[PDB]
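Structure below is query.pdb: PDB, C-alpha atoms and all ligand atoms.
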```
ATOM      1  CA  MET A   1     101.426  36.056 221.711
ATOM      2  CA  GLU A   2     100.233  36.223 225.327
ATOM      3  CA  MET A   3      97.080  34.249 226.145
ATOM      4  CA  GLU A   4      94.403  36.723 227.312
ATOM      5  CA  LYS A   5      94.926  39.076 224.382
ATOM      6  CA  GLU A   6      95.340  36.328 221.823
ATOM      7  CA  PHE A   7      91.979  35.239 223.266
ATOM      8  CA  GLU A   8      90.169  38.527 222.614
ATOM      9  CA  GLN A   9      91.793  38.706 219.175
ATOM     10  CA  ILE A  10      90.280  35.326 218.233
ATOM     11  CA  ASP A  11      86.883  36.278 219.665
ATOM     12  CA  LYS A  12      86.757  39.604 217.801
ATOM     13  CA  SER A  13      87.891  37.931 214.566
ATOM     14  CA  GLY A  14      85.672  34.858 215.061
ATOM     15  CA  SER A  15      88.414  32.430 214.008
ATOM     16  CA  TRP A  16      88.157  29.651 216.642
ATOM     17  CA  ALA A  17      87.272  27.043 214.005
ATOM     18  CA  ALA A  18      90.337  27.950 211.940
ATOM     19  CA  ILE A  19      92.699  27.830 214.940
ATOM     20  CA  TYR A  20      91.277  24.443 215.976
ATOM     21  CA  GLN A  21      91.594  23.029 212.466
ATOM     22  CA  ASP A  22      95.273  24.060 212.383
ATOM     23  CA  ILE A  23      95.844  22.025 215.566
ATOM     24  CA  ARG A  24      94.107  19.034 213.980
ATOM     25  CA  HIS A  25      96.323  19.340 210.881
ATOM     26  CA  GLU A  26      99.611  19.535 212.840
ATOM     27  CA  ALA A  27      98.814  16.799 215.388
ATOM     28  CA  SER A  28     100.946  13.653 215.553
ATOM     29  CA  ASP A  29      99.973  10.409 213.840
ATOM     30  CA  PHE A  30     101.428   7.244 215.361
ATOM     31  CA  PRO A  31     100.329   3.612 214.932
ATOM     32  CA  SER A  32      97.595   1.987 217.054
ATOM     33  CA  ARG A  33      97.920  -1.589 215.774
ATOM     34  CA  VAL A  34      97.123  -3.404 219.041
ATOM     35  CA  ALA A  35      93.829  -1.479 219.451
ATOM     36  CA  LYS A  36      92.664  -2.632 216.001
ATOM     37  CA  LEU A  37      93.289  -6.385 216.432
ATOM     38  CA  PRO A  38      89.992  -8.305 216.033
ATOM     39  CA  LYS A  39      90.208  -9.820 219.520
ATOM     40  CA  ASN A  40      89.954  -6.283 220.989
ATOM     41  CA  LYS A  41      86.814  -5.049 219.217
ATOM     42  CA  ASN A  42      84.639  -5.302 222.343
ATOM     43  CA  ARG A  43      87.306  -3.447 224.390
ATOM     44  CA  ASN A  44      86.836  -0.190 222.415
ATOM     45  CA  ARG A  45      83.827   2.086 222.821
ATOM     46  CA  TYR A  46      84.418   4.077 219.602
ATOM     47  CA  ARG A  47      86.139   2.772 216.471
ATOM     48  CA  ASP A  48      87.843   6.126 215.779
ATOM     49  CA  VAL A  49      89.358   6.625 219.291
ATOM     50  CA  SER A  50      92.350   4.369 219.999
ATOM     51  CA  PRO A  51      95.525   4.543 222.105
ATOM     52  CA  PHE A  52      98.857   4.794 220.287
ATOM     53  CA  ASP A  53     101.038   1.694 220.641
ATOM     54  CA  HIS A  54     104.011   3.648 222.027
ATOM     55  CA  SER A  55     102.099   5.161 224.978
ATOM     56  CA  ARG A  56      99.333   2.622 225.732
ATOM     57  CA  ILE A  57      98.902   1.223 229.243
ATOM     58  CA  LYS A  58      99.571  -2.525 229.372
ATOM     59  CA  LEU A  59      97.662  -4.797 231.745
ATOM     60  CA  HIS A  60      99.896  -7.256 233.666
ATOM     61  CA  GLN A  61      98.321 -10.282 232.034
ATOM     62  CA  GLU A  62      99.755 -12.725 229.505
ATOM     63  CA  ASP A  63      96.482 -13.615 227.756
ATOM     64  CA  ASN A  64      95.448 -10.122 226.620
ATOM     65  CA  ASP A  65      97.183  -6.998 227.919
ATOM     66  CA  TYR A  66      94.976  -4.473 226.086
ATOM     67  CA  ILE A  67      92.952  -1.566 227.520
ATOM     68  CA  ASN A  68      91.911   1.668 225.795
ATOM     69  CA  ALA A  69      94.129   3.914 227.962
ATOM     70  CA  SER A  70      97.192   6.169 227.355
ATOM     71  CA  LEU A  71     100.046   7.569 229.539
ATOM     72  CA  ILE A  72     100.454  11.335 229.013
ATOM     73  CA  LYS A  73     103.919  12.219 230.462
ATOM     74  CA  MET A  74     104.588  15.999 230.716
ATOM     75  CA  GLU A  75     108.341  16.397 231.197
ATOM     76  CA  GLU A  76     108.742  20.116 231.997
ATOM     77  CA  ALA A  77     105.641  20.270 234.213
ATOM     78  CA  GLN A  78     106.617  17.013 235.981
ATOM     79  CA  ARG A  79     103.057  15.656 235.830
ATOM     80  CA  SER A  80     101.715  12.373 234.429
ATOM     81  CA  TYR A  81      98.107  11.395 233.650
ATOM     82  CA  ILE A  82      96.391   8.244 232.411
ATOM     83  CA  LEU A  83      93.536   9.145 230.019
ATOM     84  CA  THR A  84      91.004   6.384 229.302
ATOM     85  CA  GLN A  85      87.494   5.803 227.912
ATOM     86  CA  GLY A  86      84.522   5.260 230.183
ATOM     87  CA  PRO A  87      84.533   1.561 231.108
ATOM     88  CA  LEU A  88      82.354  -0.860 229.108
ATOM     89  CA  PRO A  89      80.385  -3.785 230.589
ATOM     90  CA  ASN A  90      83.188  -6.157 229.562
ATOM     91  CA  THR A  91      86.058  -3.875 230.729
ATOM     92  CA  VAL A  92      85.124  -2.804 234.296
ATOM     93  CA  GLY A  93      87.444  -5.486 235.726
ATOM     94  CA  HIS A  94      90.299  -4.365 233.439
ATOM     95  CA  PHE A  95      89.758  -0.744 234.550
ATOM     96  CA  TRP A  96      90.254  -1.559 238.254
ATOM     97  CA  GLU A  97      93.156  -3.897 237.417
ATOM     98  CA  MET A  98      94.852  -0.846 235.787
ATOM     99  CA  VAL A  99      94.165   1.401 238.808
ATOM    100  CA  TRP A 100      95.765  -1.269 241.053
ATOM    101  CA  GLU A 101      98.791  -2.049 238.864
ATOM    102  CA  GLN A 102      99.642   1.609 238.166
ATOM    103  CA  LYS A 103      99.353   2.589 241.898
ATOM    104  CA  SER A 104      96.915   5.416 241.219
ATOM    105  CA  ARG A 105      95.361   7.239 244.184
ATOM    106  CA  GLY A 106      92.549   9.039 242.363
ATOM    107  CA  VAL A 107      90.017   8.536 239.555
ATOM    108  CA  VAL A 108      88.561  11.657 237.848
ATOM    109  CA  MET A 109      85.151  11.187 236.102
ATOM    110  CA  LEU A 110      83.829  14.048 233.940
ATOM    111  CA  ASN A 111      80.567  12.508 232.579
ATOM    112  CA  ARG A 112      77.280  11.094 233.879
ATOM    113  CA  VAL A 113      76.455   7.408 233.386
ATOM    114  CA  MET A 114      73.488   8.458 231.200
ATOM    115  CA  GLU A 115      73.584  11.559 228.988
ATOM    116  CA  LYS A 116      71.329  12.516 226.048
ATOM    117  CA  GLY A 117      69.184   9.445 226.892
ATOM    118  CA  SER A 118      71.997   6.934 226.184
ATOM    119  CA  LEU A 119      74.567   5.100 228.291
ATOM    120  CA  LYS A 120      77.988   6.825 228.250
ATOM    121  CA  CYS A 121      79.792   4.363 230.580
ATOM    122  CA  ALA A 122      79.079   1.399 232.839
ATOM    123  CA  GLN A 123      78.038   1.781 236.511
ATOM    124  CA  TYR A 124      81.536   0.704 237.587
ATOM    125  CA  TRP A 125      81.516   1.609 241.325
ATOM    126  CA  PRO A 126      79.118   0.625 244.155
ATOM    127  CA  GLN A 127      76.321   2.965 245.162
ATOM    128  CA  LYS A 128      75.659   1.560 248.674
ATOM    129  CA  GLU A 129      78.127   0.716 251.462
ATOM    130  CA  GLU A 130      76.563  -2.681 252.149
ATOM    131  CA  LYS A 131      76.514  -3.790 248.443
ATOM    132  CA  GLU A 132      80.145  -4.230 247.408
ATOM    133  CA  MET A 133      81.306  -5.269 243.908
ATOM    134  CA  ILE A 134      83.468  -8.268 243.016
ATOM    135  CA  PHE A 135      85.261  -8.430 239.642
ATOM    136  CA  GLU A 136      85.887 -12.135 239.170
ATOM    137  CA  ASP A 137      87.897 -11.906 235.938
ATOM    138  CA  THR A 138      90.614  -9.794 237.664
ATOM    139  CA  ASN A 139      90.120 -10.917 241.320
ATOM    140  CA  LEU A 140      89.366  -7.515 242.886
ATOM    141  CA  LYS A 141      86.809  -6.313 245.436
ATOM    142  CA  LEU A 142      85.539  -2.718 245.593
ATOM    143  CA  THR A 143      83.622  -1.160 248.537
ATOM    144  CA  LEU A 144      82.003   2.260 248.951
ATOM    145  CA  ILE A 145      83.349   3.781 252.216
ATOM    146  CA  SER A 146      81.819   7.296 252.151
ATOM    147  CA  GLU A 147      80.272   9.802 249.749
ATOM    148  CA  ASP A 148      80.135  13.628 249.868
ATOM    149  CA  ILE A 149      77.610  15.174 247.418
ATOM    150  CA  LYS A 150      78.091  18.852 246.567
ATOM    151  CA  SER A 151      76.318  21.111 244.100
ATOM    152  CA  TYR A 152      78.715  20.623 241.171
ATOM    153  CA  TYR A 153      80.630  17.445 242.056
ATOM    154  CA  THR A 154      80.701  14.411 244.350
ATOM    155  CA  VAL A 155      83.744  12.902 246.146
ATOM    156  CA  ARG A 156      83.743   9.256 247.150
ATOM    157  CA  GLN A 157      86.119   7.201 249.265
ATOM    158  CA  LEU A 158      86.497   3.649 247.931
ATOM    159  CA  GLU A 159      88.421   0.569 249.173
ATOM    160  CA  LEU A 160      90.053  -1.631 246.522
ATOM    161  CA  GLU A 161      91.214  -5.078 247.677
ATOM    162  CA  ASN A 162      93.448  -7.404 245.701
ATOM    163  CA  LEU A 163      91.836 -10.741 246.581
ATOM    164  CA  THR A 164      94.968 -12.723 245.560
ATOM    165  CA  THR A 165      97.161 -11.008 248.211
ATOM    166  CA  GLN A 166      94.543  -9.502 250.591
ATOM    167  CA  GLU A 167      96.261  -6.110 250.240
ATOM    168  CA  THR A 168      93.931  -3.069 250.418
ATOM    169  CA  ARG A 169      94.162   0.534 249.209
ATOM    170  CA  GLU A 170      92.095   3.683 249.528
ATOM    171  CA  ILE A 171      91.039   5.225 246.169
ATOM    172  CA  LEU A 172      89.444   8.691 245.842
ATOM    173  CA  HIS A 173      86.690   9.130 243.180
ATOM    174  CA  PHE A 174      86.271  12.749 241.994
ATOM    175  CA  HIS A 175      83.028  13.020 239.976
ATOM    176  CA  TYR A 176      82.217  16.251 238.126
ATOM    177  CA  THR A 177      78.431  15.945 237.717
ATOM    178  CA  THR A 178      77.313  19.169 235.994
ATOM    179  CA  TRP A 179      78.968  19.354 232.543
ATOM    180  CA  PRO A 180      76.034  20.128 230.183
ATOM    181  CA  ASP A 181      74.682  17.502 227.776
ATOM    182  CA  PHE A 182      75.464  19.921 224.880
ATOM    183  CA  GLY A 183      78.262  22.495 224.583
ATOM    184  CA  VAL A 184      80.594  23.644 227.409
ATOM    185  CA  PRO A 185      79.973  25.437 230.724
ATOM    186  CA  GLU A 186      79.303  29.167 230.523
ATOM    187  CA  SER A 187      81.809  29.959 233.306
ATOM    188  CA  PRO A 188      84.950  27.932 234.189
ATOM    189  CA  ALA A 189      84.572  28.675 237.900
ATOM    190  CA  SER A 190      83.107  25.348 239.023
ATOM    191  CA  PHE A 191      85.510  23.317 236.819
ATOM    192  CA  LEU A 192      88.497  25.190 238.312
ATOM    193  CA  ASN A 193      87.171  24.690 241.856
ATOM    194  CA  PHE A 194      86.923  20.969 241.044
ATOM    195  CA  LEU A 195      90.501  20.848 239.686
ATOM    196  CA  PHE A 196      91.775  22.476 242.888
ATOM    197  CA  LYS A 197      89.940  19.864 244.995
ATOM    198  CA  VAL A 198      91.641  17.055 243.060
ATOM    199  CA  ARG A 199      95.022  18.783 243.554
ATOM    200  CA  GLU A 200      94.476  19.273 247.301
ATOM    201  CA  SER A 201      93.797  15.531 247.765
ATOM    202  CA  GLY A 202      97.322  14.469 246.713
ATOM    203  CA  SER A 203      96.010  12.483 243.726
ATOM    204  CA  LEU A 204      98.148  14.429 241.193
ATOM    205  CA  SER A 205     101.377  14.301 243.197
ATOM    206  CA  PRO A 206     104.590  12.346 242.487
ATOM    207  CA  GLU A 207     104.281  10.120 245.582
ATOM    208  CA  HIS A 208     101.461   8.245 243.799
ATOM    209  CA  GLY A 209     100.994   6.599 240.412
ATOM    210  CA  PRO A 210      99.313   8.727 237.712
ATOM    211  CA  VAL A 211      95.729   9.877 238.211
ATOM    212  CA  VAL A 212      93.194   8.053 235.966
ATOM    213  CA  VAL A 213      90.935  10.536 234.092
ATOM    214  CA  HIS A 214      87.957   9.686 231.871
ATOM    215  CA  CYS A 215      84.798  10.889 230.186
ATOM    216  CA  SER A 216      82.981   8.856 227.517
ATOM    217  CA  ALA A 217      85.765   8.652 224.876
ATOM    218  CA  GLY A 218      88.570   9.948 227.130
ATOM    219  CA  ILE A 219      89.714  12.782 224.805
ATOM    220  CA  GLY A 220      87.365  15.763 225.059
ATOM    221  CA  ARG A 221      86.454  16.810 228.617
ATOM    222  CA  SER A 222      89.393  14.634 229.781
ATOM    223  CA  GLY A 223      91.750  16.614 227.546
ATOM    224  CA  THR A 224      90.404  19.893 228.919
ATOM    225  CA  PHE A 225      91.196  18.777 232.509
ATOM    226  CA  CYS A 226      94.857  17.824 231.924
ATOM    227  CA  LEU A 227      95.527  20.744 229.545
ATOM    228  CA  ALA A 228      94.297  23.293 232.103
ATOM    229  CA  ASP A 229      96.222  21.655 234.990
ATOM    230  CA  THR A 230      99.550  21.479 233.080
ATOM    231  CA  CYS A 231      99.294  25.049 231.721
ATOM    232  CA  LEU A 232      98.640  26.497 235.211
ATOM    233  CA  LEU A 233     101.559  24.510 236.698
ATOM    234  CA  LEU A 234     103.924  25.815 233.984
ATOM    235  CA  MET A 235     102.800  29.401 234.697
ATOM    236  CA  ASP A 236     103.880  28.898 238.340
ATOM    237  CA  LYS A 237     107.239  27.287 237.468
ATOM    238  CA  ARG A 238     108.570  29.673 234.773
ATOM    239  CA  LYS A 239     110.203  33.087 235.191
ATOM    240  CA  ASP A 240     107.936  34.465 232.465
ATOM    241  CA  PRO A 241     104.364  33.105 232.790
ATOM    242  CA  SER A 242     103.254  34.821 229.563
ATOM    243  CA  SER A 243     105.555  32.444 227.660
ATOM    244  CA  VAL A 244     103.173  29.498 228.217
ATOM    245  CA  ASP A 245     101.615  28.672 224.828
ATOM    246  CA  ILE A 246      98.436  26.621 225.251
ATOM    247  CA  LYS A 247      98.414  25.490 221.615
ATOM    248  CA  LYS A 248     101.980  24.166 221.946
ATOM    249  CA  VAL A 249     101.149  22.352 225.192
ATOM    250  CA  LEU A 250      98.109  20.727 223.534
ATOM    251  CA  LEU A 251     100.198  19.565 220.577
ATOM    252  CA  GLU A 252     102.727  18.051 223.027
ATOM    253  CA  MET A 253      99.911  16.160 224.806
ATOM    254  CA  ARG A 254      98.594  14.918 221.431
ATOM    255  CA  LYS A 255     101.891  13.075 220.940
ATOM    256  CA  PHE A 256     100.581  10.660 223.625
ATOM    257  CA  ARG A 257      96.825  10.330 222.819
ATOM    258  CA  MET A 258      94.895  11.255 219.663
ATOM    259  CA  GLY A 259      92.091  13.763 219.491
ATOM    260  CA  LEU A 260      92.508  15.671 222.775
ATOM    261  CA  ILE A 261      90.010  18.574 222.748
ATOM    262  CA  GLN A 262      87.158  17.561 220.414
ATOM    263  CA  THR A 263      85.621  20.911 219.363
ATOM    264  CA  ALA A 264      86.536  24.570 218.905
ATOM    265  CA  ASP A 265      84.194  25.329 221.824
ATOM    266  CA  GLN A 266      86.259  23.026 224.072
ATOM    267  CA  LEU A 267      89.411  24.841 222.899
ATOM    268  CA  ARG A 268      87.927  28.234 223.787
ATOM    269  CA  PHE A 269      86.764  26.900 227.161
ATOM    270  CA  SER A 270      90.311  25.652 227.911
ATOM    271  CA  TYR A 271      91.722  29.149 227.240
ATOM    272  CA  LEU A 272      89.048  30.675 229.495
ATOM    273  CA  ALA A 273      89.833  28.243 232.301
ATOM    274  CA  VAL A 274      93.591  28.892 232.220
ATOM    275  CA  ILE A 275      93.089  32.681 232.044
ATOM    276  CA  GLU A 276      90.763  32.844 235.041
ATOM    277  CA  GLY A 277      92.730  30.274 236.956
ATOM    278  CA  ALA A 278      95.950  32.260 236.648
ATOM    279  CA  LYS A 279      94.367  35.201 238.529
ATOM    280  CA  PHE A 280      93.195  33.128 241.448
ATOM    281  CA  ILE A 281      96.542  31.432 241.941
ATOM    282  CA  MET A 282      98.095  34.749 242.961
TER
HETATM  283  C1  LIG B 301      85.077  32.060 236.663
HETATM  284  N1  LIG B 301      85.852  32.847 237.482
HETATM  285  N2  LIG B 301      86.054  34.157 237.242
HETATM  286  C2  LIG B 301      86.847  34.725 238.249
HETATM  287  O1  LIG B 301      87.191  35.866 238.276
HETATM  288  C3  LIG B 301      87.149  33.557 239.117
HETATM  289  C4  LIG B 301      86.570  32.477 238.655
HETATM  290  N3  LIG B 301      86.549  31.241 239.222
HETATM  291  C5  LIG B 301      87.555  30.506 239.772
HETATM  292  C6  LIG B 301      87.289  29.466 240.630
HETATM  293  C7  LIG B 301      88.308  28.721 241.164
HETATM  294  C8  LIG B 301      89.614  28.976 240.836
HETATM  295  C9  LIG B 301      89.888  29.995 239.943
HETATM  296  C10 LIG B 301      88.880  30.762 239.441
HETATM  297  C1  LIG B 302      98.257  33.907 235.989
HETATM  298  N1  LIG B 302      99.497  33.267 236.413
HETATM  299  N2  LIG B 302      99.595  31.874 236.595
HETATM  300  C2  LIG B 302     100.915  31.496 237.013
HETATM  301  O1  LIG B 302     101.275  30.378 237.240
HETATM  302  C3  LIG B 302     101.615  32.799 237.068
HETATM  303  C4  LIG B 302     100.776  33.837 236.715
HETATM  304  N3  LIG B 302     101.103  35.201 236.658
HETATM  305  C5  LIG B 302     101.219  36.070 235.486
HETATM  306  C6  LIG B 302     102.100  37.163 235.443
HETATM  307  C7  LIG B 302     102.189  37.982 234.301
HETATM  308  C8  LIG B 302     101.404  37.736 233.172
HETATM  309  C9  LIG B 302     100.526  36.654 233.203
HETATM  310  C10 LIG B 302     100.436  35.835 234.342
END
```

Output the file's structure as structure tokens, nothing else.
Amino acid sequence: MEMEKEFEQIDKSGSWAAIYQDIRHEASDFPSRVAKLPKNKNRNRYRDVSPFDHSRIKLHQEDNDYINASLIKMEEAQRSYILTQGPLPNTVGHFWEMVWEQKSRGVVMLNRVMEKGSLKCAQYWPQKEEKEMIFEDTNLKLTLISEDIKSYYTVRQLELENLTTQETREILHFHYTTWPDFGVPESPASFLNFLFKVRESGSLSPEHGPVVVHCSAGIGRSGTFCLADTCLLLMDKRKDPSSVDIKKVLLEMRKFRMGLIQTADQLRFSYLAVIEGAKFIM
């Protein structure tokens, strides 16, 4: 079926939970043996969210190459994304090592450091120009260059220096700051505006390594971001845009990381975002 009318048909019939449970039943199951090794317990935020072995990002290190991060490679859309958990106190250095080694231009953050009165990820970037951060375990230096605070999101320019080689690179930090502590946004307008700002920066384009996207677990809000982007790109590429099937695209992405889209409300929000986004594109 088309999307907008499939949408109203699920609303009128109140069957979002049943649609979402079908997706969960059909989703791929692949091994995640490296994630579960005992030496990696303090590298995982949640015991039930792990990268598959076949698609995990490897750190360029011979001691321990593990990080909770997955490469989502979308062949028809010609887009790639790295989805990862919010960094932990003992993985901030690994996080920036990954950004460096994978040649990413941009980092997309969809959570606040504290939500619901608890810490959802480490304070992994500097908040003042004159107070830079040094990650001694991976030999990197990170400096805040500029910050632009808007009503729904903040964009930061950061400098990452590889202290071994003295090479430097400019990284863009795109921080969506207004996702509610509970539920999903009422309108997708600010989320779509944010997606378009990431696109306009070049961070999603083939001349760079894959964008790094995270929330707390790296599957819920993060899944919504890449699902909406890929679906809108496919609607631009194909002769028949009504052929794009958001459930099929989500199942394809779940071949590369488990659990993408965590609730039926996040599924409905993803439909809403693609529907409204397709009208603005034209
Ligand atoms: C929510 N909404 N409803 C409309 O009719 C338009 C939007 N917002 C929007 C913002 C940026 C890009 C695409 C859509
Ligand atoms: C909304 N949208 N997004 C694309 O990439 C292309 C379209 N157009 C469209 C044409 C007929 C039916 C539905 C959508």

Shell of 12 Å around residue 267 in chain A, all atoms listed in the file, local chain residues under 4 positions omitted, as an MDAnalysis selection string: chainID A and resid 7 10 15:21 23:24 183:184 220:221 223:225 227:228 246:247 250 259:263 271:274

Coordinates-based distance that separates CA of residue 44 in chain A from CA of residue 88 in chain A (Å, one decimal): 8.1 Å

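CA of residue 268 in chain A sits 19.4 Å away from atom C5 of ligand LIG 302 (chain B).
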
Please provide as a JSON list (two decimals) with C-alpha atoms, in the coordinates of the input all residues within 8 Å of range 206-212 of chain A, with the sequence filter that same-chain residues fewer than 2 positions apart are discarded (counting all atoms listed in the file).
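Listed below is the output, selection.json:
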```
[["chain", "number", "residue", "atom", "x", "y", "z"],
["A", 79, "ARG", "CA", 103.06, 15.66, 235.83],
["A", 80, "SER", "CA", 101.72, 12.37, 234.43],
["A", 81, "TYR", "CA", 98.11, 11.40, 233.65],
["A", 82, "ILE", "CA", 96.39, 8.24, 232.41],
["A", 83, "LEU", "CA", 93.54, 9.14, 230.02],
["A", 84, "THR", "CA", 91.00, 6.38, 229.30],
["A", 99, "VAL", "CA", 94.16, 1.40, 238.81],
["A", 102, "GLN", "CA", 99.64, 1.61, 238.17],
["A", 103, "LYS", "CA", 99.35, 2.59, 241.90],
["A", 104, "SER", "CA", 96.92, 5.42, 241.22],
["A", 105, "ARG", "CA", 95.36, 7.24, 244.18],
["A", 106, "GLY", "CA", 92.55, 9.04, 242.36],
["A", 107, "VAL", "CA", 90.02, 8.54, 239.56],
["A", 108, "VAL", "CA", 88.56, 11.66, 237.85],
["A", 203, "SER", "CA", 96.01, 12.48, 243.73],
["A", 204, "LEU", "CA", 98.15, 14.43, 241.19],
["A", 214, "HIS", "CA", 87.96, 9.69, 231.87]]
```

Selection result of the PyMOL selection byres (((chain A and resi 85) around 12) and not hetatm) on this file, as a PyMOL selection string: chain A and resi 43-47+49-51+67-70+82-84+86-88+91-92+94-95+108-111+120-122+212-223+257

Pick from A:190, A:205, A:266, A:123 nearest to ligand LIG 301 (chain B), counting all atoms listed in the file: A:190

Selection within 9 Å of ligand LIG 302 (chain B) by only C-alpha atoms and all ligand atoms, output as a PyMOL selection string: chain A and resi 2-4+231-243+274-282

CA of residue 55 in chain A to CA of residue 136 in chain A, straight-line distance in Å: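 CA of residue 136 in chain A sits 27.6 Å away from CA of residue 55 in chain A.
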
Exercise: residues within 12 Å of coordinate (73.0, 15.4, 235.6), counting only C-alpha atoms, as a VMD selection string: chain A and resid 110 to 117 151 to 154 175 to 182

Let me have the centre and edge lengths in Å, one decimal, of the box along x, y and z around every listed atom of range 167-178 of chain A with 5 Å of margin on each side, as JSON.
```
{"center_x": 86.8, "center_y": 6.5, "center_z": 243.2, "size_x": 28.9, "size_y": 35.3, "size_z": 24.4}
```

Selected residue, from A:226, A:197, A:249, A:258, that lies nearest to ligand LIG 301 (chain B) when counting only C-alpha atoms and all ligand atoms: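 Comparing A:226, A:197, A:249, A:258 against ligand LIG 301 (chain B), the winner is A:197.
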
Neighbour list for range 62-64 of chain A as number ranges by chain, cut-off 10 Å, only C-alpha atoms, skip fewer than 4 positions in-chain: A: 39-40, 58

Based on the selection just made, write C-alpha atoms of those residues as a compact mmCIF listing (two decimals), in the frame of the given file.
```txt
# COMPACT_ATOMS: atom_id res chain seq x y z
CA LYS A 39 90.21 -9.82 219.52
CA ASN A 40 89.95 -6.28 220.99
CA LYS A 58 99.57 -2.52 229.37
```

Among listed residues A:119, A:96, A:14, A:150, nearest residue 133 in chain A (using only C-alpha atoms):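 Among the listed residues, the smallest separation from residue 133 in chain A belongs to A:96.
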
Using only C-alpha atoms and all ligand atoms: which of A:32, A:187, A:201, A:270 has the shortest distance to ligand LIG 301 (chain B): A:187

Generate the coordinates of N, CA and C atoms for range 41-54 of chain A; report them as a PDB file, in the frame of the given file.
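Heads up, here's the output in part_17.pdb:
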```pdb
ATOM      1  N   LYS A  41      87.905  -5.900 219.674  1.00  0.00           N
ATOM      2  CA  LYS A  41      86.814  -5.049 219.217  1.00  0.00           C
ATOM      3  C   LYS A  41      85.863  -4.678 220.355  1.00  0.00           C
ATOM      4  N   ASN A  42      85.557  -5.617 221.250  1.00  0.00           N
ATOM      5  CA  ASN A  42      84.639  -5.302 222.343  1.00  0.00           C
ATOM      6  C   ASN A  42      85.337  -4.657 223.539  1.00  0.00           C
ATOM      7  N   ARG A  43      86.595  -4.238 223.380  1.00  0.00           N
ATOM      8  CA  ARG A  43      87.306  -3.447 224.390  1.00  0.00           C
ATOM      9  C   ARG A  43      87.390  -1.968 224.023  1.00  0.00           C
ATOM     10  N   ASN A  44      86.831  -1.574 222.884  1.00  0.00           N
ATOM     11  CA  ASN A  44      86.836  -0.190 222.415  1.00  0.00           C
ATOM     12  C   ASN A  44      85.417   0.325 222.292  1.00  0.00           C
ATOM     13  N   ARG A  45      85.157   1.490 222.885  1.00  0.00           N
ATOM     14  CA  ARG A  45      83.827   2.086 222.821  1.00  0.00           C
ATOM     15  C   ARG A  45      83.560   2.707 221.459  1.00  0.00           C
ATOM     16  N   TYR A  46      84.563   3.354 220.865  1.00  0.00           N
ATOM     17  CA  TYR A  46      84.418   4.077 219.602  1.00  0.00           C
ATOM     18  C   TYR A  46      85.515   3.628 218.642  1.00  0.00           C
ATOM     19  N   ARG A  47      85.143   3.319 217.391  1.00  0.00           N
ATOM     20  CA  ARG A  47      86.139   2.772 216.471  1.00  0.00           C
ATOM     21  C   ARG A  47      87.186   3.797 216.045  1.00  0.00           C
ATOM     22  N   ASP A  48      86.904   5.088 216.183  1.00  0.00           N
ATOM     23  CA  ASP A  48      87.843   6.126 215.779  1.00  0.00           C
ATOM     24  C   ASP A  48      88.617   6.752 216.950  1.00  0.00           C
ATOM     25  N   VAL A  49      88.569   6.150 218.138  1.00  0.00           N
ATOM     26  CA  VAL A  49      89.358   6.625 219.291  1.00  0.00           C
ATOM     27  C   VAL A  49      90.148   5.437 219.821  1.00  0.00           C
ATOM     28  N   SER A  50      91.465   5.456 219.632  1.00  0.00           N
ATOM     29  CA  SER A  50      92.350   4.369 219.999  1.00  0.00           C
ATOM     30  C   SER A  50      93.617   4.906 220.642  1.00  0.00           C
ATOM     31  N   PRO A  51      94.214   4.159 221.567  1.00  0.00           N
ATOM     32  CA  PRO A  51      95.525   4.543 222.105  1.00  0.00           C
ATOM     33  C   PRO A  51      96.639   4.203 221.116  1.00  0.00           C
ATOM     34  N   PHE A  52      97.626   5.099 221.024  1.00  0.00           N
ATOM     35  CA  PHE A  52      98.857   4.794 220.287  1.00  0.00           C
ATOM     36  C   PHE A  52      99.592   3.629 220.936  1.00  0.00           C
ATOM     37  N   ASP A  53     100.236   2.790 220.106  1.00  0.00           N
ATOM     38  CA  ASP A  53     101.038   1.694 220.641  1.00  0.00           C
ATOM     39  C   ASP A  53     102.146   2.183 221.595  1.00  0.00           C
ATOM     40  N   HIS A  54     102.798   3.311 221.281  1.00  0.00           N
ATOM     41  CA  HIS A  54     104.011   3.648 222.027  1.00  0.00           C
ATOM     42  C   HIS A  54     103.693   4.110 223.450  1.00  0.00           C
TER      43      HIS A  54
END
```
